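[1] Got a sequence here, can you model it:
(chains A, B, C, D, E and F, ligands or ions: 3)
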Amino acid sequence: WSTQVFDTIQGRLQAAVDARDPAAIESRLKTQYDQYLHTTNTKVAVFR
Amino acid sequence: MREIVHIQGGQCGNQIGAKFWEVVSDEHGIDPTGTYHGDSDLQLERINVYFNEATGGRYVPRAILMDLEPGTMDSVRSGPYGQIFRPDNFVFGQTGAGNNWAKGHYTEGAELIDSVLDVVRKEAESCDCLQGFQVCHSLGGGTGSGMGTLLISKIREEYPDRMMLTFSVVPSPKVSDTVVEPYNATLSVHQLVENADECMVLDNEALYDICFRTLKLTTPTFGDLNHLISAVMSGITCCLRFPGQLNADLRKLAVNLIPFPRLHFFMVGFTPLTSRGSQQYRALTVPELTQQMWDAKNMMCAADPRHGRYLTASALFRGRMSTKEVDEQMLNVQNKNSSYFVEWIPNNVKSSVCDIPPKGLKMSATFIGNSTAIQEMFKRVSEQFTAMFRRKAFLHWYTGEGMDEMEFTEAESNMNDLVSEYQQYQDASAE
Amino acid sequence: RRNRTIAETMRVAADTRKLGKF
Amino acid sequence: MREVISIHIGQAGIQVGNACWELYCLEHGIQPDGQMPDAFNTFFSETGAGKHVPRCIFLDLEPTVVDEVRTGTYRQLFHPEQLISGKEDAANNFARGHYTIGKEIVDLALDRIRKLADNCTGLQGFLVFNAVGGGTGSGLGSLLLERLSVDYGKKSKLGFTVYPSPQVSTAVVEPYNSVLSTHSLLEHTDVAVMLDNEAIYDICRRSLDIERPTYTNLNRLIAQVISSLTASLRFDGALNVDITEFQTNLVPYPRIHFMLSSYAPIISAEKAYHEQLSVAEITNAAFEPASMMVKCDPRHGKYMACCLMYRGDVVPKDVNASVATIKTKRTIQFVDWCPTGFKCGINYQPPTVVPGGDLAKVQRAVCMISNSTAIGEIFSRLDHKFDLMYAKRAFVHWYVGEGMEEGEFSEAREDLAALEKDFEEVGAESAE
Amino acid sequence: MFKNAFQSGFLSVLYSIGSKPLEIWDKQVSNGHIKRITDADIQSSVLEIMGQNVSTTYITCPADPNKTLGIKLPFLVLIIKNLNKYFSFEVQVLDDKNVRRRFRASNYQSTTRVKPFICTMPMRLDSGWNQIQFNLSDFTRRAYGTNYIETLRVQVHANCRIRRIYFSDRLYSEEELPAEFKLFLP
Amino acid sequence: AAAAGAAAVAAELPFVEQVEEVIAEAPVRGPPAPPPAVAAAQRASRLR
Ligand SMILES: Nc1nc2c(ncn2[C@@H]2O[C@H](COP(=O)(O)OP(=O)(O)OP(=O)(O)O)[C@@H](O)[C@H]2O)c(=O)[nH]1
Ligand SMILES: Nc1nc2c(ncn2[C@@H]2O[C@H](COP(=O)(O)OP(=O)(O)O)[C@@H](O)[C@H]2O)c(=O)[nH]1
Ligand SMILES: [Mg+2]
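    Numbering: from 1, shown residues only, chains lettered A, B, ... in the order given. Ligands and ions are numbered 1, 2, ... in the order given. Find the structure here:
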């Protein structure tokens, strides 16, 4: 079970994560959070 | 239980500090005789920050007065609120430095330094947990700019873990009150950059515009300027003496307002100022004080803050106010004009509140600014230096007291280094 | 004849100009 | 007997500490003097003690906020030995609170910890209240948390740290203190709960129509969040959530232990009568981003584990219906590896109201503590503030001179970047 | 010390090249560093003293403060590199009247000051490396009426690169200098 | 490799080598600040 399932899916996951370079994650999260703060600044409340 | 030693040097330091203890005695309820007559317990909760309890329950100020001419202490002692001080603390000379930095710092002031440092050491060791040493003096003179900076250098060696709140007035831009203002100012600022932990910058001309344009005093006397300066000094220490929702002591201000160890010169201003013709029309609210806080005309410094970026600004609010009004007004002042603030320090504003407003006002605030526009002040004095330095004019009075001319070049090359980093921090950008 | 902060770059070489101005 | 020892550190810790023990004493009927209201009654009141002393410690290096408690309306509830003061505050410096001047008081603080641990019969956990923006909350908080892991094992540590707002702050060295404190909460705190002051302001301004809120108004409802989460230990109910039930169901992985918070019925006194407050609509308003105590959009991330704690007369029939209505919404997104995503706790005691408090009397309330990948949104904004200030290396000579080295800045930053990577890896999904 | 161990001619008191350079010299640093660096032009290992403050960091030849040094020679020769920075050295002597007189030369002053106990001196140097020939007998005869007997303390508190500081009886140029004292090797 | 190093040293001038002694360091500075790109690459490798 380990070798067939868990090692394979963890290998895929860690390969994709190591492909993701961290500065891209901070840039994307900063842009999204700044968008949220801009909306809640210029707008009367945010509703789900 | 945090406590500040006051040291007043020179004619300017004695005259301003005489008015400074007028506010502090009135805020804590201490009468002209010295005895407590307050009407609230919160005044008496922290008296040991500035006053020592003596016999009869009256309180003497923790103030050391120094000047080489006996004329100034006669005015302080015989004047109102002059009997509160201790005559042993009146350590003072006879000959007179006379506007000479060499006489106050090397020859004539030195025979009194071992005497003034003896009574400062007595006041410092007796009390329990020190904060620092608040010193009020001038920079255009020579008796307070000279002897005061010798104590500041000497008291740093004895106590290196304590701070040095210095309130020093500078030469005025339009007028000179002494002919040797560029000599004494450059030679004292160099003695303050490595010794004083944080510096508050004042001048007479900025207070003259405040007294005329806002307070509408067409004949502003010599103590009216000192009253505005005294209100600033009490506003710096407001969180120590009284409680609050956000208390900020002296060390919190300097850890926030000083990004780099030599950028410790600050411009100050007291916010709720209005004339009696417009007292009944002013709506004293957090937006109203914040509008008057950030205006250039309210600052007590000659440098115009529109010219440079605020590296760090702090405000010491007082009064029963909501924090969110304090929060959202100082958030709004950054966003409306972000060119006038520095960009690589997010959240430039240090905000703190004290729940007890001063006597007579329902709301007050005291503003501290580390603006790089203050480099225009040092550039002007250094411009007045090189004009006078290149002819050796008024220089033999300084070198006649054993001083080398190296210390002149030592002084301004630290002054030129000080103005150089102010310019480079304004120009610097992140990413 | 012929990495570090701005304050440190000022402070390291400041004593050379302290000499040179005299 | 089940019990929790709380620790309140710093300015924000004990101002919440004044508010939390105000609500704690009213819940159990304890009077401000400490005594809950024929020969035995004379014996029980004077010679013996019917007095109840709190199991808290109020420590701060600045005495002004400590002696307010010693001279306030609750001077008799606390032991004089129990409240710890100091000479000089840490003064917005993680270096002072962790190395120089926090080292002298942390030895005295653990002695009163040892007396509180000996007084109790069976300990369950530790509550820590601090602010990660201040020096005492960050420095002495990290120092106390580091030492509490050494002497005490198998006893959980609960963290309620007021993290800085993204927009407004009351300090300038605010990014530095939070980055260094964050590395301690990852390493030494079992459960940490984010709190954001700007989000509490928006809850007070909008849902509770207070135009000018202060810290007394903020801490009154933060105390409502803290009192609700430990309320299953004090009072009985249909379904209980202990302090070890809380760990085992909201941390899927040891590094991810950051949870949000929400209180559903934030309704004023005037607006309460017109409002219909049933279980169906308070849970819909519980997940409302305007009702969260952290200024973040939960729709950016996806919830991993969520605990709905209820107070008052709530049947188990309708909390399950509120679970089903939330799970079918397309805006509330769960991660694919947690199908059973909710834990529901019911406490029969209705939420008490502080006299003079802003909140009204409601018979239903939800305290929603949820583990989400939207915490990495909060830490990314606080990271970018740290990177700009550390590039110029400003505000470092304060930290370097007072014991710390330069390498701790890069070490704590590198741990936070791992947490940014940790959320992006755990929150990843498997599809087809 | 160093009274019985008297050598004819030169007397080397500190040489940088060796297994242990700081054999007899006490060390003291405060916001500074002592660092044995091989320079560029000579490509030889020389000691370096650096500090942000001149008066804080120093090295003194007598390790214990109570103990004293003895050299009867009237010349002290130091080979130092000019760093375009502050330099400062200090030599204490015992004069004819058994009095301690401290001659203290520095780079941050331009006028000499003769106090009854301590004399302060200016120093001006050339561009690169340099040797300085402090004439003990001539300097003490110019400063005071007495004459040199022995040197009790030698101490450099500066920002400099030192190698080959020693004592000489009289001026000795390159062609009569001993084998290992050159630092130039023509 | 030695020939390449000698070719580099023929133009790189005599570099002041690190101290074998390092006798005293009062501030205890230790390691220096890395450059921006090198520090970002090293942090990315450590996080990978
Ligand atoms: N919710 C809430 N937050 C508070 C309160 N008081 C202070 N804070 C938070 O505390 C932060 C300021 O740092 P402090 O906690 O005051 O620092 P400190 O605890 O005094 O630590 P030191 O400055 O070293 O003495 C602010 O950003 C607020 O978010 C309060 O009463 N309620
Ligand atoms: N604001 C203010 N400035 C003062 C006061 N007294 C003196 N000064 C300033 O101090 C400078 C002269 O200082 P001086 O009296 O010579 O100081 P001394 O040399 O120490 O005696 C002038 O530029 C004045 O403007 C005062 O009471 N208030
Ligand atoms: Mg505090």
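
[2] Assumed residue D:376 was part of a helix.
    Yes - looking at residue D:376 with DSSP: H, G, I helix; E, B strand; the rest coil, it is inside a helix.

[3] Would you check that it makes contact with residue D:301?
    Yes - under the criterion of CB atoms under 8 Å, residue D:376 makes contact with residue D:301 at 7.1 Å. For every residue, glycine as well, the C-beta is placed using N, CA and C.

[4] and these two? which has more neighbours close in?
    Using other CB atoms under 10 Å in any protein chain shown as the criterion, residue D:376 and residue D:301 rank with residue D:376 on top: 27 against 22.

[5] Name the residues contacting each of residue D:376 and residue D:301.
    Jointly contacting residue D:376 and residue D:301 under the rule CB atoms under 8 Å, 6 or more residues apart in numbering or on different chains are residue D:423.

[6] Can you classify residue B:8 by secondary structure?
    What three-state DSSP gives for residue B:8 is strand.

[7] what about the residue nearest to it when sequence neighbours are not counted, how many neighbours?
    Leaving out its chain neighbours, the residue that sits closest to residue B:8 by CB to CB, 6 or more residues apart in numbering or on different chains is residue B:17, at 3.8 Å. Using other CB under 10 Å, the number of residues around residue B:17 comes to 29.

[8] Please tell me I have it right and residue B:17 contacts residue B:64.
    No - at 10.1 Å, residue B:17 does not count as touching residue B:64 under the criterion of CB under 8 Å.

[9] Pull up the overlap in contacts between those two.
    Contacts common to residue B:17 and residue B:64, judged by CB under 8 Å, 6+ apart, are B:6, B:8.

[10] who's residue D:370 bridged to?
    For residue D:370, the beta-bridge partners are residue D:306 (DSSP bridges).

[11] residues touching it, list them.
    Residues counted as contacts of residue D:370 (CB under 8 Å, 6+ apart) are D:250, D:259, D:260, D:262, D:298, D:303, D:305, D:306, D:307.

[12] next one: whichever helix or strand the residue nearest to residue B:8 is part of to chain centre, how far?
    Secondary structure from DSSP states H and E places residue B:17 in helix B:10-27. Remark: helix B:10-27 is offset 12 Å from the chain centroid, using CA atoms, centre = their mean, to the nearest Å.

[13] Which neighbouring elements make contact with that helix?
    Judged by 3 or more CB pairs under 8 Å, 6 or more residues apart in numbering or on different chains; DSSP states H and E, helix B:10-27 is in contact with strand B:2-9, strand B:59-61, strand B:63-66, helix B:70-78, strand B:129-138, helix B:144-158, strand B:165-169, helix B:222-236.

[14] and ligand 1, which of those is closest to it?
    strand B:2-9 (11.6 Å; CB to the nearest ligand atom).

[15] for the chain, longest helix please?
    No chain specified, so I'll use chain A. helix A:22-42 (DSSP state H).

[16] wrong chain, I was asking about chain B
    Max-length helix for chain B by DSSP H is helix B:406-427.

[17] got a list of contacts for it?
    Contacts to helix B:406-427, defined as CB under 8 Å, 6+ apart, come from residues B:186-187, B:189-191, B:193, B:260, B:262-263, B:308-309, B:311, B:342, B:372, B:374-375, B:378-379, B:381-382, B:385-386, B:389, B:395, B:398, C:6-7, C:10, C:14, C:17-18, C:21-22, E:108-111.

[18] one step back: with distance to ligand 1 added, can I get the helices and strands packed on helix B:10-27 in JSON lines?
    Output for the helices and strands packed on helix B:10-27, formatted as JSON lines (distance: least, CB to the nearest ligand atom, whole Å):
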{"stretch": "strand B:2-9", "distance to ligand 1": "12"}
{"stretch": "strand B:59-61", "distance to ligand 1": "27"}
{"stretch": "strand B:63-66", "distance to ligand 1": "28"}
{"stretch": "helix B:70-78", "distance to ligand 1": "36"}
{"stretch": "strand B:129-138", "distance to ligand 1": "14"}
{"stretch": "helix B:144-158", "distance to ligand 1": "24"}
{"stretch": "strand B:165-169", "distance to ligand 1": "18"}
{"stretch": "helix B:222-236", "distance to ligand 1": "16"}
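
[19] Turn those into CSV, columns for mean neighbour count and distance to residue D:181.
    Shown next, in CSV, are those (neighbours: other CB atoms under 10 Å in any protein chain shown; distance: least, CB to CB, whole Å):
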stretch, mean neighbour count, distance to residue D:181
strand B:2-9, 25, 25
strand B:59-61, 21, 40
strand B:63-66, 28, 40
helix B:70-78, 15, 49
strand B:129-138, 24, 26
helix B:144-158, 23, 32
strand B:165-169, 27, 29
helix B:222-236, 20, 28
